[PDB]
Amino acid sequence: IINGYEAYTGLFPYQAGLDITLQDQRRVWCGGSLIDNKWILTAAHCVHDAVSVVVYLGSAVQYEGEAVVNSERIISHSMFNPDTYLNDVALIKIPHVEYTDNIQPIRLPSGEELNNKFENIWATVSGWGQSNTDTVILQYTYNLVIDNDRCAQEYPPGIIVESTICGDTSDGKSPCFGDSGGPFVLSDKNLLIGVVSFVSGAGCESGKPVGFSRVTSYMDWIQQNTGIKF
């Protein structure tokens, strides 16, 4: 997060930290959200060629958690497109973790929240990605969600689609690399509206909108692959 603030343990009980080992032996960090005792939602670009993930839950300190579990299964959206970031969602199945003061699930949109585009709302994004700081402590910031038409002007033709939700970064506050897969939340409603997907090619301090996977567009996929009806 660039120009973010430090969270304490317990501020964002749904935040997951993912230490990912890939097929080519590299170690990747991404964020994710606890959506169920057995499930983490993250981005497909984080884990589509992963071999294993260690999931950290319940601490603001990177690589610490009061629950550290290993993934049992990784489900990346079959139609994820690497080149456009279309369908950039994935599910990590974990061993049942018991909720706690520090570990709690985020709510997913139901009912008519499924028809809300959330324009002009301030939402919270959090993660341990590149920051201007030193810190190993979970950071967060607020980005206002803008409408898709305004957002589509900022990127090549075809990148911003119905299933993308963009956040404005023109105050210089932004997700940055390593924040991928992280939660974009309507705090007041404890609602997950987006999964961090992509930053502009111009970089994290460009003032360009950040693209997120719009969670209402993937609630069928989630329902269906987890077998849980939210």
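Start at 1 with the first residue shown and count on from there.
Between 214 to 222 and 14 to 22, the higher mean Cα B-factor belongs to 214 to 222. Per-stretch averaging of Cα B factors for 64 to 72 and 159 to 167 places 64 to 72 on top. Note on the listed residues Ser180, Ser33, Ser174, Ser187: the highest Cα temperature factor in the record is that of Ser187. Which of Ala44, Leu41, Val55, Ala202 has the largest Cα B-factor in the deposited entry comes down to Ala202. Ranked by C-alpha B-factor against the other modelled residues of its chain, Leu144 falls in the lowest third. For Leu114, the recorded CA temperature factor ranks within the highest third of the chain's modelled residues. When all modelled residues of the chain are sorted by CA temperature factor, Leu91 is found within the lowest third. Among the modelled residues of its chain, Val51 has a C-alpha B-factor that falls in the highest third according to the deposited record.
Sorting the modelled residues of the chain by their CA temperature factor places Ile1 in the lowest third.
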